[PDB]
Amino acid sequence: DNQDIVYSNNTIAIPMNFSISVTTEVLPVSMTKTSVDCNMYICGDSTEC
Amino acid sequence: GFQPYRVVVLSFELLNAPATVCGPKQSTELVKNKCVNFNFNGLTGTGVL
Ligand SMILES: *[C@@H]1O[C@H](CO)[C@@H](O)[C@H](O)[C@H]1NC(C)=O
């Protein structure tokens with residue numbers, strides 16, 4: 001959204017009140033650990049392979 | 001190379017339909033809840049029934 005602000009060389013804006021805000025920020029940390037068996041995937045119940 | 005020959009051509013399908021023609025294999029009383037190497041009309045493999 002536009003704001004069309006103007007420049008004044010002898011005027012300053014100063015706040016007259018304040019507020020306290022609480023914000024949320026979520027970050028991932030870890031992931032699932034997985035073990036893989038080489039046989040029972042490529043093979044299984046098969047001694048020939 | 002000019003004497004008559006008798007030719008017989010046999011066509012069959014394997015392991016994808018109910019079967020009615022098998023070879024001379026003697027059957028075995030089945031057991032359950034144990035992993036054994038089975039044979040069901042030519043379908044081998046080891047597993048729990
Ligand atoms: C600042 O904001 C609070 C909360 O709305 C209000 O009660 C208070 O009067 C304000 N103070 C001034 C100086 O405007």
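Positions of Cβ are backbone-derived with ideal geometry, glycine not excepted, and every protein chain shown enters the neighbour counts. What follows is calculated from the coordinates using simple rules that are stated; it is not laboratory data.
A few points about this structure:
- Test: residue in segment B:3-21 that is closer than 27 Å to A:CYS49 by Cα, without any contact (Cβ under 8 Å) to a residue 24 or more places away in the chain and surrounded by 10 or more Cβ atoms within 10 Å (Cβ to Cβ): no
- Test: residue in segment B:31-38 that is of a type in the set (A, V, I, L, M), more than 18 Å from the chain's Cα centre (by Cα) and in a loop (DSSP other than H, G, I, E, B): yes
- Residue within segment B:27-34 that is closer than 26 Å to A:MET40 by Cβ and within 14 Å of another protein chain (Cβ to nearest Cβ) present: yes
- Residue within segment B:7-18 that is more than 14 Å from chain A (Cβ to nearest Cβ), on the phi > 0 side of the Ramachandran plot and in a loop (DSSP other than H, G, I, E, B) present: yes
- Scanning segment A:1-21 for residues that are away from the ligand (no atom under 16 Å from the Cβ) and either surrounded by 10 or more Cβ atoms within 10 Å (Cβ to Cβ) or not charged (D, E, K, R) (or both) yields a total of 10.
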